[PDB]
$ cat coords-v2.cif   # mmCIF, N, CA, C and O atoms
data_run
#
loop_
_atom_site.label_atom_id
_atom_site.label_comp_id
_atom_site.auth_asym_id
_atom_site.auth_seq_id
_atom_site.Cartn_x
_atom_site.Cartn_y
_atom_site.Cartn_z
N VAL A 551 -23.86 -122.74 59.33
CA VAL A 551 -22.50 -122.50 58.84
C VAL A 551 -22.06 -123.73 58.05
O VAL A 551 -22.01 -124.84 58.59
N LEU A 552 -21.75 -123.52 56.78
CA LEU A 552 -21.31 -124.61 55.93
C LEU A 552 -19.86 -124.96 56.24
O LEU A 552 -19.13 -124.22 56.91
N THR A 553 -19.43 -126.13 55.75
CA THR A 553 -18.07 -126.59 55.93
C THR A 553 -17.86 -127.81 55.06
O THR A 553 -18.76 -128.64 54.92
N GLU A 554 -16.67 -127.93 54.47
CA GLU A 554 -16.38 -129.09 53.64
C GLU A 554 -16.45 -130.35 54.49
O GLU A 554 -15.92 -130.41 55.60
N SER A 555 -17.14 -131.36 53.96
CA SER A 555 -17.38 -132.60 54.68
C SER A 555 -16.69 -133.75 53.98
O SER A 555 -16.74 -133.87 52.76
N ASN A 556 -16.04 -134.61 54.77
CA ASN A 556 -15.51 -135.87 54.28
C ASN A 556 -16.59 -136.93 54.15
O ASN A 556 -16.27 -138.11 53.94
N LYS A 557 -17.85 -136.53 54.25
CA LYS A 557 -18.96 -137.47 54.24
C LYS A 557 -19.14 -138.08 52.85
O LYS A 557 -18.89 -137.44 51.82
N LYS A 558 -19.58 -139.33 52.83
CA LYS A 558 -19.86 -140.06 51.59
C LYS A 558 -21.37 -140.12 51.38
O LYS A 558 -22.09 -140.67 52.21
N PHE A 559 -21.83 -139.57 50.26
CA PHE A 559 -23.20 -139.72 49.80
C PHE A 559 -23.23 -140.62 48.57
O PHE A 559 -22.38 -140.48 47.68
N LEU A 560 -24.19 -141.54 48.53
CA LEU A 560 -24.40 -142.33 47.33
C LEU A 560 -24.93 -141.42 46.22
O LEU A 560 -25.52 -140.38 46.48
N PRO A 561 -24.72 -141.81 44.96
CA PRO A 561 -25.06 -140.90 43.85
C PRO A 561 -26.49 -140.38 43.91
O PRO A 561 -26.75 -139.25 43.47
N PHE A 562 -27.42 -141.17 44.44
CA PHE A 562 -28.80 -140.74 44.61
C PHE A 562 -29.02 -139.96 45.90
O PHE A 562 -30.09 -139.38 46.08
N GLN A 563 -28.03 -139.92 46.79
CA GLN A 563 -28.17 -139.24 48.08
C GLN A 563 -27.78 -137.78 47.92
O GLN A 563 -26.66 -137.47 47.49
N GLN A 564 -28.70 -136.89 48.28
CA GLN A 564 -28.46 -135.45 48.21
C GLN A 564 -28.56 -134.75 49.55
O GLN A 564 -27.96 -133.69 49.72
N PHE A 565 -29.30 -135.31 50.51
CA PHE A 565 -29.52 -134.68 51.81
C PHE A 565 -29.27 -135.70 52.91
O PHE A 565 -29.81 -136.81 52.86
N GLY A 566 -28.47 -135.32 53.90
CA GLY A 566 -28.27 -136.15 55.08
C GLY A 566 -28.95 -135.54 56.29
O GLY A 566 -28.57 -134.45 56.73
N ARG A 567 -29.95 -136.23 56.84
CA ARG A 567 -30.79 -135.66 57.88
C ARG A 567 -30.30 -136.04 59.27
O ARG A 567 -29.51 -136.97 59.45
N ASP A 568 -30.80 -135.30 60.26
CA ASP A 568 -30.40 -135.43 61.65
C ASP A 568 -31.45 -136.23 62.42
O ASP A 568 -32.51 -136.59 61.90
N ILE A 569 -31.15 -136.50 63.69
CA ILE A 569 -32.09 -137.24 64.54
C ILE A 569 -33.42 -136.51 64.62
O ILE A 569 -34.49 -137.13 64.61
N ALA A 570 -33.38 -135.18 64.70
CA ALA A 570 -34.59 -134.36 64.76
C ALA A 570 -35.19 -134.10 63.38
O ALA A 570 -35.98 -133.15 63.24
N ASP A 571 -34.83 -134.89 62.37
CA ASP A 571 -35.36 -134.73 61.02
C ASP A 571 -34.91 -133.41 60.40
O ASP A 571 -35.67 -132.76 59.68
N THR A 572 -33.67 -133.02 60.68
CA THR A 572 -33.08 -131.81 60.13
C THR A 572 -31.83 -132.16 59.34
O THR A 572 -31.03 -132.99 59.75
N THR A 573 -31.68 -131.51 58.18
CA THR A 573 -30.54 -131.77 57.31
C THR A 573 -29.27 -131.26 57.97
O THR A 573 -29.13 -130.06 58.23
N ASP A 574 -28.33 -132.17 58.23
CA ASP A 574 -27.03 -131.82 58.80
C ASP A 574 -25.89 -132.10 57.83
O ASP A 574 -24.72 -132.10 58.23
N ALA A 575 -26.20 -132.35 56.56
CA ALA A 575 -25.20 -132.51 55.52
C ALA A 575 -25.88 -132.46 54.16
O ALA A 575 -26.89 -133.14 53.94
N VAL A 576 -25.34 -131.66 53.24
CA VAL A 576 -25.97 -131.45 51.94
C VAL A 576 -24.94 -131.68 50.84
O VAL A 576 -23.73 -131.64 51.06
N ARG A 577 -25.46 -131.94 49.64
CA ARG A 577 -24.66 -132.09 48.43
C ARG A 577 -25.04 -130.97 47.47
O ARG A 577 -26.20 -130.86 47.08
N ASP A 578 -24.06 -130.16 47.09
CA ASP A 578 -24.35 -129.00 46.26
C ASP A 578 -24.80 -129.45 44.87
O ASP A 578 -24.13 -130.27 44.24
N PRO A 579 -25.94 -128.95 44.37
CA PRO A 579 -26.41 -129.42 43.05
C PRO A 579 -25.45 -129.12 41.91
O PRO A 579 -25.33 -129.94 40.99
N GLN A 580 -24.77 -127.98 41.95
CA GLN A 580 -23.90 -127.60 40.84
C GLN A 580 -22.60 -128.39 40.87
O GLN A 580 -22.22 -129.02 39.87
N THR A 581 -21.91 -128.38 42.00
CA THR A 581 -20.70 -129.17 42.21
C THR A 581 -21.03 -130.31 43.17
O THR A 581 -21.53 -130.09 44.27
N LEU A 582 -20.75 -131.54 42.73
CA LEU A 582 -21.12 -132.74 43.49
C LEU A 582 -20.12 -132.92 44.63
O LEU A 582 -19.23 -133.77 44.60
N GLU A 583 -20.28 -132.09 45.66
CA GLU A 583 -19.47 -132.15 46.86
C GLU A 583 -20.38 -132.12 48.08
O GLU A 583 -21.49 -131.58 48.03
N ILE A 584 -19.90 -132.68 49.18
CA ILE A 584 -20.68 -132.84 50.40
C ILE A 584 -20.28 -131.75 51.38
O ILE A 584 -19.10 -131.61 51.71
N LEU A 585 -21.26 -130.98 51.84
CA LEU A 585 -21.04 -129.87 52.75
C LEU A 585 -21.65 -130.19 54.11
O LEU A 585 -22.78 -130.69 54.19
N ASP A 586 -20.91 -129.89 55.17
CA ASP A 586 -21.40 -130.07 56.52
C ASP A 586 -22.29 -128.90 56.91
O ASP A 586 -22.00 -127.74 56.59
N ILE A 587 -23.38 -129.20 57.62
CA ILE A 587 -24.35 -128.20 58.04
C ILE A 587 -24.33 -128.12 59.55
O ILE A 587 -24.30 -129.14 60.24
N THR A 588 -24.35 -126.89 60.07
CA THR A 588 -24.37 -126.68 61.51
C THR A 588 -25.04 -125.36 61.83
O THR A 588 -24.61 -124.31 61.34
N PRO A 589 -26.11 -125.34 62.64
CA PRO A 589 -26.74 -124.07 62.98
C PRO A 589 -25.76 -123.15 63.71
O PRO A 589 -24.92 -123.60 64.48
N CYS A 590 -25.89 -121.86 63.44
CA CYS A 590 -24.94 -120.89 63.97
C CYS A 590 -24.94 -120.91 65.49
O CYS A 590 -25.87 -121.42 66.13
N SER A 591 -23.88 -120.36 66.07
CA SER A 591 -23.70 -120.42 67.51
C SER A 591 -24.84 -119.70 68.23
O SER A 591 -25.34 -118.67 67.77
N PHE A 592 -25.24 -120.25 69.37
CA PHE A 592 -26.31 -119.67 70.18
C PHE A 592 -26.02 -119.97 71.64
O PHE A 592 -25.12 -120.74 71.97
N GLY A 593 -26.81 -119.35 72.51
CA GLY A 593 -26.68 -119.59 73.93
C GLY A 593 -27.43 -118.57 74.75
O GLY A 593 -27.83 -117.52 74.23
N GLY A 594 -27.64 -118.85 76.03
CA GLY A 594 -28.28 -117.90 76.90
C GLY A 594 -27.37 -116.74 77.24
O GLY A 594 -26.15 -116.81 77.14
N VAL A 595 -27.99 -115.64 77.66
CA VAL A 595 -27.28 -114.45 78.09
C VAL A 595 -27.69 -114.17 79.53
O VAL A 595 -28.87 -113.92 79.81
N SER A 596 -26.72 -114.20 80.44
CA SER A 596 -26.95 -113.94 81.85
C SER A 596 -26.25 -112.65 82.24
O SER A 596 -25.10 -112.42 81.86
N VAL A 597 -26.95 -111.82 83.01
CA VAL A 597 -26.43 -110.54 83.46
C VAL A 597 -26.09 -110.67 84.94
O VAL A 597 -26.96 -111.00 85.76
N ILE A 598 -24.84 -110.43 85.28
CA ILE A 598 -24.35 -110.52 86.65
C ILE A 598 -24.33 -109.12 87.23
O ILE A 598 -23.65 -108.23 86.70
N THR A 599 -25.08 -108.91 88.31
CA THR A 599 -25.16 -107.61 88.94
C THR A 599 -25.21 -107.77 90.45
O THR A 599 -25.82 -108.72 90.95
N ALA B 27 -37.47 -176.28 43.93
CA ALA B 27 -37.01 -176.61 45.28
C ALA B 27 -37.11 -175.39 46.19
O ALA B 27 -37.76 -174.40 45.84
N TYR B 28 -36.47 -175.47 47.35
CA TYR B 28 -36.48 -174.38 48.32
C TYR B 28 -35.11 -174.27 48.96
O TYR B 28 -34.34 -175.23 49.00
N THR B 29 -34.81 -173.08 49.47
CA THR B 29 -33.58 -172.84 50.20
C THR B 29 -33.80 -171.65 51.12
O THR B 29 -34.78 -170.91 50.99
N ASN B 30 -32.88 -171.47 52.07
CA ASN B 30 -33.05 -170.52 53.16
C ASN B 30 -32.30 -169.23 52.84
O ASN B 30 -31.10 -169.26 52.55
N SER B 31 -33.02 -168.11 52.89
CA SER B 31 -32.42 -166.78 52.75
C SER B 31 -32.16 -166.25 54.16
O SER B 31 -33.04 -165.67 54.80
N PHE B 32 -30.93 -166.44 54.64
CA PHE B 32 -30.62 -166.14 56.03
C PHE B 32 -30.81 -164.66 56.35
O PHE B 32 -31.70 -164.30 57.13
N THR B 33 -30.00 -163.80 55.74
CA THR B 33 -30.07 -162.36 55.96
C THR B 33 -29.84 -161.62 54.66
O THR B 33 -29.10 -160.63 54.61
N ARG B 34 -30.47 -162.08 53.59
CA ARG B 34 -30.29 -161.52 52.26
C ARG B 34 -31.42 -160.56 51.92
O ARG B 34 -32.44 -160.48 52.61
N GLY B 35 -31.23 -159.82 50.84
CA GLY B 35 -32.23 -158.88 50.37
C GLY B 35 -32.45 -157.68 51.27
O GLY B 35 -33.60 -157.27 51.48
N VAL B 36 -31.38 -157.12 51.82
CA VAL B 36 -31.44 -155.90 52.62
C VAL B 36 -30.79 -154.78 51.81
O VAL B 36 -29.65 -154.93 51.34
N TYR B 37 -31.50 -153.68 51.65
CA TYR B 37 -31.05 -152.56 50.85
C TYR B 37 -31.21 -151.27 51.64
O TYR B 37 -31.75 -151.25 52.75
N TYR B 38 -30.75 -150.17 51.05
CA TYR B 38 -30.89 -148.87 51.67
C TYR B 38 -32.28 -148.32 51.36
O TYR B 38 -32.60 -148.12 50.18
N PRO B 39 -33.12 -148.07 52.36
CA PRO B 39 -34.53 -147.78 52.06
C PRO B 39 -34.77 -146.41 51.45
O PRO B 39 -35.66 -146.28 50.61
N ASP B 40 -34.00 -145.40 51.83
CA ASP B 40 -34.26 -144.03 51.44
C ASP B 40 -33.02 -143.41 50.81
O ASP B 40 -31.94 -144.00 50.79
N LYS B 41 -33.20 -142.20 50.28
CA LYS B 41 -32.14 -141.45 49.63
C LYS B 41 -31.35 -140.59 50.60
O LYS B 41 -30.71 -139.62 50.18
N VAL B 42 -31.37 -140.93 51.89
CA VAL B 42 -30.74 -140.13 52.93
C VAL B 42 -29.61 -140.93 53.55
O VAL B 42 -29.67 -142.17 53.64
N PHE B 43 -28.57 -140.23 53.98
CA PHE B 43 -27.43 -140.85 54.62
C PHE B 43 -27.60 -140.87 56.14
O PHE B 43 -28.26 -140.00 56.72
N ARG B 44 -27.01 -141.88 56.77
CA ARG B 44 -26.97 -141.96 58.22
C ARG B 44 -25.65 -142.62 58.63
O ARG B 44 -25.03 -143.33 57.84
N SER B 45 -25.24 -142.36 59.86
CA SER B 45 -23.94 -142.81 60.34
C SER B 45 -23.98 -143.11 61.83
O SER B 45 -24.48 -142.29 62.61
N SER B 46 -23.46 -144.27 62.21
CA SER B 46 -23.30 -144.65 63.61
C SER B 46 -24.62 -144.54 64.37
O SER B 46 -24.67 -144.13 65.53
N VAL B 47 -25.71 -144.90 63.69
CA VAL B 47 -27.05 -144.83 64.27
C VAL B 47 -27.81 -146.09 63.89
O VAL B 47 -27.51 -146.75 62.89
N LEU B 48 -28.80 -146.42 64.71
CA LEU B 48 -29.73 -147.51 64.43
C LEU B 48 -31.06 -146.90 64.01
O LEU B 48 -31.67 -146.14 64.77
N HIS B 49 -31.50 -147.22 62.80
CA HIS B 49 -32.70 -146.64 62.22
C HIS B 49 -33.73 -147.73 61.97
O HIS B 49 -33.38 -148.85 61.61
N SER B 50 -35.00 -147.38 62.18
CA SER B 50 -36.11 -148.30 61.97
C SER B 50 -36.94 -147.80 60.79
O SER B 50 -37.36 -146.64 60.77
N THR B 51 -37.18 -148.68 59.82
CA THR B 51 -37.92 -148.33 58.62
C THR B 51 -38.95 -149.41 58.30
O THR B 51 -38.67 -150.60 58.42
N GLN B 52 -40.13 -148.97 57.89
CA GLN B 52 -41.20 -149.84 57.42
C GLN B 52 -41.21 -149.78 55.90
O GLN B 52 -41.61 -148.76 55.32
N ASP B 53 -40.78 -150.85 55.25
CA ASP B 53 -40.70 -150.87 53.80
C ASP B 53 -40.68 -152.31 53.33
O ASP B 53 -40.49 -153.24 54.12
N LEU B 54 -40.90 -152.50 52.03
CA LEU B 54 -40.90 -153.83 51.44
C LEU B 54 -39.52 -154.47 51.57
O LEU B 54 -38.58 -154.06 50.88
N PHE B 55 -39.40 -155.46 52.44
CA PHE B 55 -38.15 -156.17 52.67
C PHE B 55 -38.36 -157.67 52.47
O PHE B 55 -39.49 -158.16 52.44
N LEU B 56 -37.24 -158.38 52.33
CA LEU B 56 -37.27 -159.84 52.27
C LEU B 56 -37.16 -160.40 53.68
O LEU B 56 -36.12 -160.20 54.33
N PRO B 57 -38.17 -161.10 54.19
CA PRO B 57 -38.08 -161.60 55.57
C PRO B 57 -36.89 -162.52 55.73
O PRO B 57 -36.55 -163.30 54.84
N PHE B 58 -36.24 -162.43 56.89
CA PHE B 58 -35.09 -163.28 57.17
C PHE B 58 -35.51 -164.74 57.25
O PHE B 58 -36.62 -165.07 57.68
N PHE B 59 -34.60 -165.62 56.83
CA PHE B 59 -34.81 -167.06 56.89
C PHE B 59 -36.09 -167.48 56.17
O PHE B 59 -36.85 -168.32 56.64
N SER B 60 -36.32 -166.88 55.01
CA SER B 60 -37.48 -167.22 54.19
C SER B 60 -37.14 -168.29 53.16
O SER B 60 -35.97 -168.59 52.88
#
$ encode --input "coords-v2.cif" --output "structure tokens"
Amino acid sequence: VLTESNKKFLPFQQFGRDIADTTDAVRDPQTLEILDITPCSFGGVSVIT
Amino acid sequence: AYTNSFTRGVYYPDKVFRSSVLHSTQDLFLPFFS
């Protein structure tokens, strides 16, 4: 899920990576703006019976 | 002559951003106090 980011990228910086080597912030090639990256919601499913 | 480079010649190694983290990189650097 994208989201506008207040993050600062240097002019040569296009991808901001995570601890697990995953991009958690990107810069759109067309418009030079920084977008926040977040994997969609997930979780276990427990059935109570 | 000679002089001491205390903590000079440190740059950003890669084209990636990081925040509030300590990162370790192997790259051509200027040794401290050289």
$ closest_atom_pairs --input "coords-v2.cif" --of "chain B" --to "chain A" --cutoff "12 Å" --atoms "only C-alpha atoms" --output "CSV"
residue,atom,partner,partner_atom,distance
B:38,CA,A:560,CA,10.2
B:39,CA,A:563,CA,11.4
B:40,CA,A:563,CA,8.4
B:41,CA,A:563,CA,4.8
B:42,CA,A:566,CA,5.2
B:43,CA,A:566,CA,4.8
B:44,CA,A:566,CA,6.7
B:45,CA,A:557,CA,9.5
B:46,CA,A:569,CA,11.5
B:47,CA,A:569,CA,9.1
B:48,CA,A:569,CA,10.5
B:49,CA,A:569,CA,9.7
$ resolve_selection --input "coords-v2.cif" --expression "the PyMOL selection byres (((chain A and resi 554 and name CA) around 7) and name CA)" --output "ChimeraX atom specification"
/A:553,555-556,584-586
$ resolve_selection --input "coords-v2.cif" --expression "the PyMOL selection byres (((chain B and resi 29 and name CA) around 9) and name CA)" --output "PyMOL selection string"
chain B and resi 27-28+30-31+59-60
$ select_by_dssp --input "coords-v2.cif" --residues "chain A" --states "strand (DSSP E)" --output "ChimeraX atom specification"
/A:553-554,565-567,573-577,584-586
$ write_last_selection --input "coords-v2.cif" --atoms "N, CA, C and O atoms" --output "PDB file, in the frame of the given file"
ATOM      1  N   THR A 553     -19.430-126.130  55.750  1.00  0.00           N
ATOM      2  CA  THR A 553     -18.070-126.590  55.930  1.00  0.00           C
ATOM      3  C   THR A 553     -17.860-127.810  55.060  1.00  0.00           C
ATOM      4  O   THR A 553     -18.760-128.640  54.920  1.00  0.00           O
ATOM      5  N   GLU A 554     -16.670-127.930  54.470  1.00  0.00           N
ATOM      6  CA  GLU A 554     -16.380-129.090  53.640  1.00  0.00           C
ATOM      7  C   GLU A 554     -16.450-130.350  54.490  1.00  0.00           C
ATOM      8  O   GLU A 554     -15.920-130.410  55.600  1.00  0.00           O
ATOM      9  N   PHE A 565     -29.300-135.310  50.510  1.00  0.00           N
ATOM     10  CA  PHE A 565     -29.520-134.680  51.810  1.00  0.00           C
ATOM     11  C   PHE A 565     -29.270-135.700  52.910  1.00  0.00           C
ATOM     12  O   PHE A 565     -29.810-136.810  52.860  1.00  0.00           O
ATOM     13  N   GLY A 566     -28.470-135.320  53.900  1.00  0.00           N
ATOM     14  CA  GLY A 566     -28.270-136.150  55.080  1.00  0.00           C
ATOM     15  C   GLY A 566     -28.950-135.540  56.290  1.00  0.00           C
ATOM     16  O   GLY A 566     -28.570-134.450  56.730  1.00  0.00           O
ATOM     17  N   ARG A 567     -29.950-136.230  56.840  1.00  0.00           N
ATOM     18  CA  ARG A 567     -30.790-135.660  57.880  1.00  0.00           C
ATOM     19  C   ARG A 567     -30.300-136.040  59.270  1.00  0.00           C
ATOM     20  O   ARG A 567     -29.510-136.970  59.450  1.00  0.00           O
ATOM     21  N   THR A 573     -31.680-131.510  58.180  1.00  0.00           N
ATOM     22  CA  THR A 573     -30.540-131.770  57.310  1.00  0.00           C
ATOM     23  C   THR A 573     -29.270-131.260  57.970  1.00  0.00           C
ATOM     24  O   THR A 573     -29.130-130.060  58.230  1.00  0.00           O
ATOM     25  N   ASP A 574     -28.330-132.170  58.230  1.00  0.00           N
ATOM     26  CA  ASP A 574     -27.030-131.820  58.800  1.00  0.00           C
ATOM     27  C   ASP A 574     -25.890-132.100  57.830  1.00  0.00           C
ATOM     28  O   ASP A 574     -24.720-132.100  58.230  1.00  0.00           O
ATOM     29  N   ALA A 575     -26.200-132.350  56.560  1.00  0.00           N
ATOM     30  CA  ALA A 575     -25.200-132.510  55.520  1.00  0.00           C
ATOM     31  C   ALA A 575     -25.880-132.460  54.160  1.00  0.00           C
ATOM     32  O   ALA A 575     -26.890-133.140  53.940  1.00  0.00           O
ATOM     33  N   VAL A 576     -25.340-131.660  53.240  1.00  0.00           N
ATOM     34  CA  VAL A 576     -25.970-131.450  51.940  1.00  0.00           C
ATOM     35  C   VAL A 576     -24.940-131.680  50.840  1.00  0.00           C
ATOM     36  O   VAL A 576     -23.730-131.640  51.060  1.00  0.00           O
ATOM     37  N   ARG A 577     -25.460-131.940  49.640  1.00  0.00           N
ATOM     38  CA  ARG A 577     -24.660-132.090  48.430  1.00  0.00           C
ATOM     39  C   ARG A 577     -25.040-130.970  47.470  1.00  0.00           C
ATOM     40  O   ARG A 577     -26.200-130.860  47.080  1.00  0.00           O
ATOM     41  N   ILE A 584     -19.900-132.680  49.180  1.00  0.00           N
ATOM     42  CA  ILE A 584     -20.680-132.840  50.400  1.00  0.00           C
ATOM     43  C   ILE A 584     -20.280-131.750  51.380  1.00  0.00           C
ATOM     44  O   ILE A 584     -19.100-131.610  51.710  1.00  0.00           O
ATOM     45  N   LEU A 585     -21.260-130.980  51.840  1.00  0.00           N
ATOM     46  CA  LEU A 585     -21.040-129.870  52.750  1.00  0.00           C
ATOM     47  C   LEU A 585     -21.650-130.190  54.110  1.00  0.00           C
ATOM     48  O   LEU A 585     -22.780-130.690  54.190  1.00  0.00           O
ATOM     49  N   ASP A 586     -20.910-129.890  55.170  1.00  0.00           N
ATOM     50  CA  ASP A 586     -21.400-130.070  56.520  1.00  0.00           C
ATOM     51  C   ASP A 586     -22.290-128.900  56.910  1.00  0.00           C
ATOM     52  O   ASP A 586     -22.000-127.740  56.590  1.00  0.00           O
TER      53      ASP A 586
END
$ atom_distance --input "coords-v2.cif" --atom1 "CA of residue 32 in chain B" --atom2 "atom O of residue 52 in chain B"
20.6 Å
$ atom_distance --input "coords-v2.cif" --atom1 "atom O of residue 54 in chain B" --atom2 "atom C of residue 34 in chain B"
9.7 Å
$ axis_aligned_box --input "coords-v2.cif" --around "range 29-36 of chain B" --padding-each-side "8 Å" --output "AutoDock Vina command-line options"
--center_x -32.0 --center_y -163.9 --center_z 53.3 --size_x 21.7 --size_y 34.3 --size_z 23.7
$ resolve_selection --input "coords-v2.cif" --expression "the PyMOL selection byres ((chain B and resi 56) around 4.5)" --output "JSON, numbers by chain"
{"B": [34, 35, 55, 57, 58]}
$ atom_distance --input "coords-v2.cif" --atom1 "CA of residue 595 in chain A" --atom2 "CA of residue 572 in chain A"
25.6 Å
